[PDB]
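Peer 1: Here you go, one structure.
Number of protein chains: 2
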Amino acid sequence: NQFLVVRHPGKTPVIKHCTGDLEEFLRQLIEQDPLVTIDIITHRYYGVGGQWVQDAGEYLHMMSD
Amino acid sequence: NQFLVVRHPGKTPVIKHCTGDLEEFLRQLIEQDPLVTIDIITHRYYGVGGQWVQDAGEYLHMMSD
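Now the structure itself:
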């Protein structure tokens with residue numbers, strides 16, 4: 116959940132930890148950079164090679180509706 | 016190097032391991048899906064929280080020129 120990578124245009128991506136409310140944190144990155152892509156990375160028993168990743172857009176909505 | 020996440024439009028991203036030549040593997044993902052985004056994730060002593068990620072486009076060129 117705290118292992119998410121945020122991709123800035125014209126630059127290289129960075130991996131960011133939440134400093135507060137998780138929903139707000141993702142929103143804040145999006146709001147300040149609406150071109151930014153966030154992938155949220157976790158781990159599973161099987162997943163995809165023992166690891167899995169979720170689109171932050173699905174993630175943010177998943178927690179609401 | 017083998018921890019790279021490939022992002023398909025309309026879907027959710029997956030994390031993929033190379034099955035051959037690394038340069039070819041990234042190219043193959045791009046060629047078959049030119050809309051696809053790849054982030055290549057590694058680890059560092061400091062990096063960004065002890066971890067770092069590189070844009071595959073920079074990565075693929077980095078190894079050439």
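Chains as they are written, first to last, in the authors' numbering: chain B, 116 to 180; chain A, 16 to 80. Think of the CB as a built atom: it goes at the ideal place given N, C-alpha and C, for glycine as much as any other residue.
From residue 139(B) to residue 147(B), what does the alpha carbon distance come to, in whole angstroms?
Peer 2: 12 Å
Peer 1: Going by other Cβ atoms of all chains shown within 10 Å of its Cβ, with 16 needed for buried, is residue 28(A) buried or exposed?
Peer 2: buried
Peer 1: Output the distance between the C-alpha atoms of residue 35(A) and residue 142(B), rounded to the nearest integer angstrom.
Peer 2: Each residue's CA atom was taken as its position, placing residue 35(A) and residue 142(B) some 38 Å apart.
Peer 1: Strictly by DSSP, which residues pair up with residue 21(A)?
Peer 2: Paired residues: 29(A) and 53(A).
Peer 1: What does residue 130(B) reach in chain A if we use C-beta pairs closer than 7 Å?
Peer 2: 63, 64, 66 and 68
Peer 1: For residue 152(B), does the count of other Cβ atoms within 10 angstroms reach 16, so buried, or fall short, so exposed?
Peer 2: In summary, residue 152(B) is buried, with 16 or more beta-carbon neighbours lying within 10 Å of its beta-carbon over all protein chains present.
Peer 1: Taking a Cβ distance cut-off of 8 Å, strictly less, list which residues of the stretch 129 to 161 of chain B are near chain A, in chain order.
Peer 2: 129, 130, 131, 132, 152, 154 and 156
Peer 1: Can you find a C-beta in chain A that's less than 7 Å from the C-beta of residue 121(B)?
Peer 2: no
Peer 1: Of the residues 124(B), 169(B), 162(B) and 164(B), which one's Cα is nearest the Cα of residue 73(A)?
Peer 2: The shortest C-alpha separation from residue 73(A) is found at 124(B).
Peer 1: On a Cα-Cα basis, can you pick out the residue from 116(B), 118(B) and 171(B) that is closest to residue 149(B)?
Peer 2: Looking at the Cα atoms, 171(B) is the closest of the given residues.
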